[PDB]
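Engineer: model this:
(5 chains, ligands or ions: 5)
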Amino acid sequence: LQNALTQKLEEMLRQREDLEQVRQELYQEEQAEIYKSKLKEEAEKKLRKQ
Amino acid sequence: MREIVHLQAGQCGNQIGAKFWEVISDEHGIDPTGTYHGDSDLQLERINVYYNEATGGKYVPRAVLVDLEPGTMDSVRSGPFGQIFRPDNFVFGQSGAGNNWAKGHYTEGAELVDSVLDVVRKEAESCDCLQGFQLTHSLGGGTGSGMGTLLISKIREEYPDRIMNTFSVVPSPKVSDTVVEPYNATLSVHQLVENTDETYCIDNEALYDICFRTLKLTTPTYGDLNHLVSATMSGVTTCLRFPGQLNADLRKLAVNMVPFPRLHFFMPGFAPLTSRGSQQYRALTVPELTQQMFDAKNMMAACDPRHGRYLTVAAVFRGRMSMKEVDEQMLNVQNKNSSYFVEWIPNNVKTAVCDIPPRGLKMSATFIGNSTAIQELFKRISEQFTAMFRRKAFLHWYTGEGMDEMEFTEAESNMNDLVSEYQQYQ
Amino acid sequence: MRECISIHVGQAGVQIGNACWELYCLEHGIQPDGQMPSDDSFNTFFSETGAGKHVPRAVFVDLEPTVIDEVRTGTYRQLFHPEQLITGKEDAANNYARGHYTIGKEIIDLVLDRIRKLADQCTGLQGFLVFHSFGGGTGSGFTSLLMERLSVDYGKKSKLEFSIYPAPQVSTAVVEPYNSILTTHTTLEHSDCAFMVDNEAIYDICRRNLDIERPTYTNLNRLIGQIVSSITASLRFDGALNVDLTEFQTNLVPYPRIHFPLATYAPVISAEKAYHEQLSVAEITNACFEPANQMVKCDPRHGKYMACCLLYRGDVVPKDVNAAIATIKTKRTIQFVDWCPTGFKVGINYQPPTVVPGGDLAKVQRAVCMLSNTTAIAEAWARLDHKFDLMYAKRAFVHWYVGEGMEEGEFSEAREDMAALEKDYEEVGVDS
Amino acid sequence: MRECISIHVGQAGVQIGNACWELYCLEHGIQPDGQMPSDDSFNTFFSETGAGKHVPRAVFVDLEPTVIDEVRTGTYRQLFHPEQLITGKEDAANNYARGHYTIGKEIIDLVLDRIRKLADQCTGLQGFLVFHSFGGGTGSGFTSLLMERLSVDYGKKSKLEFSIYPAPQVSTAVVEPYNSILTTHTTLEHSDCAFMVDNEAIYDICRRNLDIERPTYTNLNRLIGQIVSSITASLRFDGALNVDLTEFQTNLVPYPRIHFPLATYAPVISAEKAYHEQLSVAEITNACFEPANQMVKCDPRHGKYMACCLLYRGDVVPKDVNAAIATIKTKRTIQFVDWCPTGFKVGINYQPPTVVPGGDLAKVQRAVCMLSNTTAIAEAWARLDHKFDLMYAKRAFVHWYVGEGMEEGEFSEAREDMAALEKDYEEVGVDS
Amino acid sequence: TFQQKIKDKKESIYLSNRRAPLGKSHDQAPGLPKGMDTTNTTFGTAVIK
Ligand SMILES: Nc1nc2c(ncn2[C@@H]2O[C@H](COP(=O)(O)OP(=O)(O)OP(=O)(O)O)[C@@H](O)[C@H]2O)c(=O)[nH]1
Ligand SMILES: Nc1nc2c(ncn2[C@@H]2O[C@H](COP(=O)(O)OP(=O)(O)OP(=O)(O)O)[C@@H](O)[C@H]2O)c(=O)[nH]1
Ligand SMILES: Nc1nc2c(ncn2[C@@H]2O[C@H](COP(=O)(O)OP(=O)(O)O)[C@@H](O)[C@H]2O)c(=O)[nH]1
Ligand SMILES: [Mg+2]
Ligand SMILES: [Mg+2]
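Structural biologist: Numbers count the residues shown, from 1 in each chain, chains lettered A, B, ... in the order given. Ligands and ions are numbered 1, 2, ... in the order given. Structure data below:
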C-alpha cells in the first residue's frame, strides 16, 4: 500500500511540475523574433532615409 | 486585500508611469483593449492589487494622471496602452507651471488639487484594505516637484497610518537641463523628508552610463531609460502578487531599511541586465547575479558607495533557485567586505525570493541599498543653491507669488541637517 | 483516545506543516483527498467523519493570505476543514508590536474558538504542537498571546513548542535579534518544553552527508518533519517501551527555566551511501553524539550535558542499545554533570521510518532521533544578547515598535531577564 | 384532533408565509397544486376537502394589495382559499393610527368572520400563530386590535406570536422607535408568548456559517421557516417526548410580563462544511449556546438565563441529550438565576429535517431548536427607549398621529410602561 | 436575454462574481468530491443499534 501511494503522489507532482516548466519555457523565442524584427526594421529605416 | 494607488504627476512622472503599465500588463496578461487574455491561473489570482474591475471582462488600472499641460497626456492617450485608463481620472489645467515651483504650489496647483483628491478619495475608499500609495515625479521641475510634494502632504493628513512610495528622479551634476534646477530640488526635498516613508533616487547620468558599459546601447532614447526604471518598480512589489518561499511586502521593507525616521532614501538597481554581445555566452547562477548586484555602475545614482558606508541592503530575487545558495552568497559579501558596511549593525544584508521571474528571463532580481554615499548627491545640490542664493539670482518671481525670502533659508537649514546625520552615523 | 493538537502560526511553521501532513498520510494509508482507498493508529492526529473522511487535528493561522491561499487551491484542499484555515488581511511584517498589539488582536477569538471546537471533540488530551520561528514578528508576536490564553484556559496541558532558532551566520532579517529576545518572554513561563533547531546546521548536513550542493527550503522541512514524526511515533504505533508526551516532559527538563532541548536525527544518509554501509545500533548511537551532526550551530564539547533522550525506531533489539549506552560513558570526550549519573532515556518502536515521494533520504531499516539538553546553548545565548545590545546602544529600529503600542521600558525588561537566563547556566554548570 | 390557526399580517409576516407554507407542502408530500398523490400527520395545518384538495389553515390579511396579488398570480394560486386572501385599497403607510384607528376598523369584521369560520371546522384548538413585524404601520397597528377582539372571543387559547425585532443599527424606516412602543401596550396584556427575531443577526449567520455574502429576503425567510416547522413538529409527528402548544407556556412564562423568548436553530450550516464535520448530539447543543448564533443581536453573557426549551428532531436519543446538558451546568460562562435550579426543558421527535430544493441549507440527520428566555433583552430595550426619548423631546413626527384619531397622551402612557417593564427585568434579576 | 448571457459569460471571470452571486453561496463542487449529488446525500454520523 505504501508503494502504491508513493507512486500516485510522484505522478501528481510530476504533472504539476511539467505544467509549470512548459508555461515558463514558452517565452524566450518570442523575444528573439521580436529583436530580429527590430534589426530588420532598423536596416530598412536606414536605407529608406538614405 | 492589499491595494496600491498610483499617481502620475509631471512630464517625467507620466512618461515613466506610462511605460510602467505596459510592463506589468504583459506579466499579468491584459491586452491594450483591457480584456484579460492571460495564460495562467496564477496571474489573475492577485490582480486587485493594481487593477479595478470594469464591465465585460475588462480590467482598468488604479491610476490617476495629473499634469498642468494637456499636451503631455495627449501623447500618453495616443500611445500603445493608452486606451486602458479611465477618462474621469484625467485631471488637467490650461496654464502651464512654467517650471517654477512657486506656481505649482501656491497660485496654479492650488486650484487643481481640489479636483485631484476627489479622484484619489473615491479610488482609495473603494478598496477593502489599503496598504499604501505610489507617486511618480522628478526633483528638477516645477510640475513634478511643485504639485508632487503638495499631493503627499494632503493625503498624509488624510491617511496617516499608511506608506508612501515616491520614485523620484534626482537632478544630475553634469547634465543640467534646467537653469533653476538647484532651487526647486531643495524646496521639494524639504517636504519629502518629513512626509514620505520611502523615496527612491534615480539619476539620468547614471541611467545613461548603464546603457553604455553594460547594455552597450548605440542610441539610448527616452524609451529605453523608462524600461530600466519600470522593471525596478515591479521587482519591489512582487511579493504582493506572486507566491514565494521567503516573501516581503512593502511594509516589510519599511521596517528593515529605516533605522531612524530621517534616512529613507534608497539607491536601487537591477540584476541581470546584459548585452547581447555576451548574452548568449553568459552563465546564470546565484553567485553570478551577486557579482552584478554590488557593482557601483549598476546603481542608478551618481554616488560611489566606497565613498561611504552601507546601512541596510536587500535583494528581492525572482525565479526558481536554492535558498542556501542565496544566503551564503549574501553572507560572503559581508564577511570579506567589512569596511564598506557599518560596524554597530550585525547582518546588514536582507534577502527575499519569489517563484515568478519576469517574462523571457530564467532568473532575475532587483537590488535596493541604503548607503551613506548619498550625502554627496545632497551636498552638491546644497552648494549649487548656496552660490546662487548669495546674489539672489532668478529668485524674484518666486517672491512675486507670495513665497517669502525666509522660506528658502528654512529649506537650506533642513537640507544641511540631512547631510550632517549621514556623516554622524558613518 | 489519546491525541494531540497541532497549530501552525507564521510562515516558517506552515511549509514545515505542509511537509508534515504529507508525511502523516502515507504512514496511515490515506490519499490526499482525505479518504482511505478501497485500526486506531490515526486517532492521535485525525478525526473520523462517519461518511469516511479523515480530518486532521490542525489549525493553520497566518496574518496574510499569500501563504494559506496556496493550500486552499493546492493538492491538500480536500483534506482540511474550510474554517480551520484562518486568514487575516495585512501582515505584521516582522514587527512584534504589530502581531501582538494591533494586528494579532483581531483574529484571536477566531483561532481560540477553533481550539475549543477541536478539544470538545476530544476524549483525552495530551498536549499541543505549536510551530513557529523566532525571527519573524508573526511567529513571535502572535505566539506570545496565543499561549497566554492557552495557559489560562488549559491548566496542566503540555505545550510542546517547536521553534526555529536564528543561526549566527545564516539570517535574513536585520531586526531579528530584537524579536528573539522579545520572543523568549513567552517561552520562559508559558512553555513546558520548547525545541530548538536552526537553519545553518541543516545546511551543512545536507551539504556533507546528503551531498546536496544546493539545498533549498523544501528539503529542510522534510528533515524537520521526520523528527516531529519520530516524537509522535510512540503514540500511533506499538513498541517495546512507549513514551507519552507527558512522559518525556519530566525526563528532559531539570528546572523551571531550562527547557530548551536540541533535536538530532540519525542516520541522515543518502540512497547511494546506505546501500553499501552496514548500519546497526552501535553506530547510529555514536553518530548522534558526534560534534558534526548536531542540528543547531553550537559546539557541545565546550559545555556539559544535562539530560538526553534517544528514541529508536524500526528493527532495534534492546540488548544492542545497552552496549551502545555503556560505550558512551566510557568515553572521556562526552562529559556529563556530576550531579546526574542517570542521564539517558530510551525508547524502542517497531515501526520503521518511511520514505517520501521525490525525497532525498534513503530507505534505512532503523533510525534514531536524539533529544539532548546541554549547556552548549550558553554561548548560543551570550551571542544573541551581544547583537541586541549593539543595536540598542544607539536605539536602532526602536521607533517602529514604539509607535504601534509597545513601550520602551519592556526592551530593558526583556534584556534583564536574558541576563538572568544566561547566568543560570553558569550557576548550575559548576560542579559542587 | 390537534389543530393550529396561522394569521399573516403586514408584509414581513406575509412574505415569511410564502416560505412557511412552501415548507409544509414538501414534508407531507402535498403538491403546490393542492392535490396529494399516493395518514393524519397533516391535520394540524391542512384540512382535506372531500374532492381531494388539501387547503391550508391560514388567513392572509394586508391593507396593501400588492403583496397578496402576487400570490393570486403565482404557482400557489390553487392552494389557498379565495376568501382567506383579504386585501384593502391603501396601506397603513408606516403609521400606527392608520392600522388601528382609521383604516383597520373597516375590514376587521371580515377578518374575525374567517377566524370564527375556521374554528368551527376544527375539533380542537391549541393556539394561534400570528406573524408580523414591529416597525411597520400594518405590522404594529393592525395586530394590536386583532388580538383584543381575539382575546374576548377565545379566552384560554394560546396566542403564539412571531414578531420581527427592529435591529440596533440597521433599519429601513424612520418612525420604528415610535411604532414599536405602541405594539407592546397591548401584547403585554393580551398576548401570552411573543418570540423575537431581528434582521441584523441573520445577516451574520448567512455571512459566516452559510458563506452567503449577498443575501436577499428569500434567504432569511427560509431560515425563519425552519424554526416554525421545528416548533410545530411535535404536533404533526410521533416522537419520544412530545411538547404541546400549551405545554411550553408554563415552562417559559414565569411572570405575566416576562414572555419574550429568543429562537435559535442549529446546525445552521452550508453544504460544503457539513461533509467535513462530525455533527453529533454533544456538539449541536453547544452550537446553540455560543453567542454567535442567537437570532437576536444581544450579548447573553451580560444577562442570565431564566428558562430554556431545547426541541430536537431526527435521530437523537435521550442519553446524549442529558449527558450534554449536564456538561453545560458545569461551565462557568452560562449563568442561570438561583431561583430556577432547573431551567432546561427537552423535547425529542423522530423526523429528520427537510430541505427545500434550490436552498442553501445542508441535509443533516438531526436538528435542535432552542427557545431561550433570558434577561439580556433589557439592554436591547434600553437602547430603544433611548431612541424614543431623543425624538420626543422636540416633538418630531407627532403631528401625523394626531391627524388620524390617536391622542398625544398615550405617548406618555406607553412610555411609562417601558419604564416599568425594563424595571421588572431588574426586580427578577436580583438574587435572594 | 442572449446578449445578457454573453455579457454574464464574459463577466463570470471576476473575483466578486466567483465569491458572491445574488442570493447564493459560491460553487461547492470543487470542495466536494466529483459526482456526488449534494441534496440527495446525508451528512453526519449515523447511529446504529
Ligand atoms: N525551515 C524553514 N524555515 C523558514 C521557512 N521560511 C522562512 N523560514 C525562517 O523563518 C525566519 C523568519 O520567520 P518567518 O516565519 O519566515 O516570518 P513570519 O514569522 O511569518 O513573520 P512575517 O514574515 O512578518 O509574517 C527566517 O529567518 C527563515 O530562516 C521555511 O519554509 N522553512
Ligand atoms: N426578515 C424580513 N423582514 C422584513 C421583510 N419585509 C419587511 N421586513 C421588516 O419589516 C420592517 C418594516 O415593517 P413592515 O412589516 O414591512 O411594514 P408593514 O407592516 O407592511 O406596514 P405597511 O408597509 O404600511 O403595510 C422592516 O424594518 C423590515 O426589517 C421580509 O421580507 N423579511
Ligand atoms: N527617464 C526620463 N527622464 C526624462 C524624460 N523626459 C524628461 N526627463 C527628465 O526630466 C527632467 C526635467 O524635468 P521637468 O520636465 O522640468 O519636470 P516637470 O516640471 O514635472 O515637467 C530632465 O532633466 C530630464 O532628464 C523621459 O522620458 N524619461
Ligand atoms: Mg509571512
Ligand atoms: Mg406593506
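Engineer: and the lengthiest helix in chain A with chain E, contact?
Structural biologist: Among the segments of chain A that qualify as a helix by DSSP state H, the longest is helix A:2-25. No. Helix A:2-25 does not reach chain E (C-beta under 8 Å from any C-beta of the partner chain); its nearest approach is 15.7 Å. Where you see a C-beta, it was placed from the backbone N, CA and C, and this is true even at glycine.
Engineer: all strands for the stretch 51-200 of chain C, in order.
Structural biologist: Per DSSP state E, counting those that start in this stretch, the stretch 51-200 of chain C carries strands over the ranges C:54-56, C:58-62, C:85-87, C:124-133, C:158-165, C:193-198.
Engineer: related to what we said a few turns ago, quick check: next helix or strand after the longest helix of chain A?
Structural biologist: helix A:28-49 (DSSP states H and E).
Engineer: what sits up against that next one?
Structural biologist: Helix A:28-49 is contacted by residues B:276, B:360 when judged by C-beta atoms under 8 Å, 6 or more residues apart in numbering or on different chains.
Engineer: And the contacts of the longest helix along chain E?
Structural biologist: Among the segments of chain E that qualify as a helix by DSSP H, the longest is helix E:2-11. Outside helix E:2-11, the residues within contact range by C-beta under 8 Å, 6+ apart are B:55-57, E:17.
Engineer: Mind listing what's buried along that helix?
Structural biologist: Within helix E:2-11, the residues that count as buried by 16 or more other C-beta atoms under 10 Å in any protein chain shown are residue E:11.
Engineer: swap in stretch C:161-179?
Structural biologist: For stretch C:161-179, by 16+ other C-beta under 10 Å, it's C:161-168, C:170-179.
Engineer: ok, and of those, which contact chain B?
Structural biologist: Okay, of the buried residues of stretch C:161-179 touching chain B (C-beta under 8 Å from any C-beta), that's C:170-177.
Engineer: Need the max-distance pair from those.
Structural biologist: Largest separation among those by C-beta to C-beta: C:170 and C:175, giving 16.2 Å.
Engineer: Where does the closest residue to residue B:17 other than its chain neighbours sit, in terms of helix or strand?
Structural biologist: Leaving aside its sequence neighbours, residue B:17 sits nearest to residue B:8 (C-beta to C-beta, 6 or more residues apart in numbering or on different chains; 3.9 Å). If you go by DSSP H and E, residue B:8 is part of strand B:3-9.
Engineer: What about the residue nearest to residue B:282 when sequence neighbours are not counted, how many residues nearby?
Structural biologist: Closest residue to residue B:282 apart from its sequence neighbours, by C-beta to C-beta, 6+ apart: residue B:274 at 5.7 Å. By other C-beta atoms under 10 Å in any protein chain shown, the residues close to residue B:274 number 17.
Engineer: for residue B:66, what are its contacts?
Structural biologist: Residue B:66 makes contacts with B:7-9, B:91-92, B:112, B:116, B:147, B:151, as judged by C-beta under 8 Å, 6+ apart.
Engineer: swap in residue C:327?
Structural biologist: C:282, C:285-286.
Engineer: Is it correct that the residue nearest to residue B:17 is in contact with residue B:61?
Structural biologist: No. Between residue B:8 and residue B:61 no contact is recorded; they are 10.4 Å apart, counting by C-beta atoms under 8 Å.
Engineer: Settle it for me: which of those two has more neighbours?
Structural biologist: Legend: neighbour count by other C-beta under 10 Å for residue B:8 and residue B:61, higher for residue B:8 (29 against 22).
Engineer: what's the spacing between that one and residue B:93?
Structural biologist: 15 Å (C-beta to C-beta, to the nearest Å).
Engineer: Whichever residue of chain C sits closest to chain E - nearest residue in space that isn't next to it in sequence?
Structural biologist: Chain E sits closest to residue C:50 of chain C, with a gap of 3.2 Å, by C-beta to the nearest C-beta. Excluding the flanking residues, the one nearest residue C:50 by C-beta to C-beta, 6+ apart is residue E:45, at 3.2 Å.
Engineer: The one you found: how many residues sit nearby?
Structural biologist: 16.
Engineer: That one belongs to a helix?
Structural biologist: No. Judged by DSSP: H, G, I helix; E, B strand; the rest coil, residue E:45 forms no part of a helix; its state is coil.
Engineer: Isn't it up against residue D:279?
Structural biologist: Yes. Contact criterion C-beta under 8 Å: residue E:45 and residue D:279 qualify, at 7.3 Å.
Engineer: where does the residue of chain E found nearest chain A land in three-state SS?
Structural biologist: Chain A sits closest to residue E:34 of chain E, with a gap of 15.7 Å, by C-beta to the nearest C-beta. Under three-state DSSP, residue E:34 falls in the coil class.
Engineer: can you list the domains in chain B?
Structural biologist: Domain assignment for chain B by CATH domains of a matching chain gives B:3-257, B:265-374, B:375-425.
Engineer: what's the span of the last one from first residue to last?
Structural biologist: When you say that, I think you mean domain B:375-425. 12 Å (C-alpha to C-alpha, to the nearest Å).
Engineer: Can you list the strands that the helix or strand residue B:59 falls within pairs with?
Structural biologist: When elements are assigned from DSSP H and E, residue B:59 belongs to strand B:59-61. Strand B:59-61 has the following sheet partners, assigned by DSSP bridges: strand B:51-53 (antiparallel).
Engineer: quick one: contacts for residue B:238?
Structural biologist: By C-beta under 8 Å, 6+ apart, the neighbours of residue B:238 are B:244, B:316, B:318, B:354, B:356.
Engineer: These in strands, which ones?
Structural biologist: Counted as lying in strands by DSSP state E, out of the contacts of residue B:238, are B:316, B:318, B:354.
Engineer: my read: the last one touches residue B:243, true?
Structural biologist: Yes. Between residue B:354 and residue B:243 there is a contact under C-beta under 8 Å: 7.2 Å.
Engineer: Show me which of those two is the more surrounded one.
Structural biologist: residue B:354 (23 against 16).
Engineer: and the closest residue to the more buried one other than its chain neighbours, how many neighbours?
Structural biologist: Closest residue to residue B:354 apart from its sequence neighbours, by C-beta to C-beta, 6+ apart: residue B:244 at 3.7 Å. Neighbour count of residue B:244, defined by other C-beta under 10 Å: 19.
Engineer: Tell me which residue of chain A lies closest to chain E.
Structural biologist: residue A:12 (15.7 Å).
Engineer: Now that residue: closest residue in space, sequence neighbours ignored.
Structural biologist: Closest to residue A:12 by C-beta to C-beta, 6+ apart is residue C:75, at 6.5 Å.
Engineer: Could you double-check that that neighbour lies in contact with residue C:33?
Structural biologist: No. With contact defined as C-beta under 8 Å, residue C:75 and residue C:33 do not form a contacting pair (9.2 Å).
Engineer: Can you tell me the strand partners of the strand holding residue B:8 and which way each runs?
Structural biologist: Applying DSSP bridges, one finds strand B:3-9 paired with strand B:63-67 (parallel), strand B:130-138 (parallel).
Engineer: how many neighbours does residue C:380 have?
Structural biologist: Around residue C:380 there are 21 other residues, counting by other C-beta under 10 Å.
Engineer: That one against residue C:300, yeah?
Structural biologist: No. Taking contacts as C-beta under 8 Å, residue C:380 lies outside contact range of residue C:300: 10.8 Å.
Engineer: that older thread, out of the contacts of residue B:238, who's nearest chain C?
Structural biologist: For these, the nearest to chain C is residue B:244 (8.0 Å; C-beta to the nearest C-beta).
Engineer: In the stretch 151-300 of chain C, what residue lies closest to ligand 2?
Structural biologist: Nearest residue of the stretch 151-300 of chain C to ligand 2 (C-beta to the nearest ligand atom) works out as residue C:153 at 37.0 Å.
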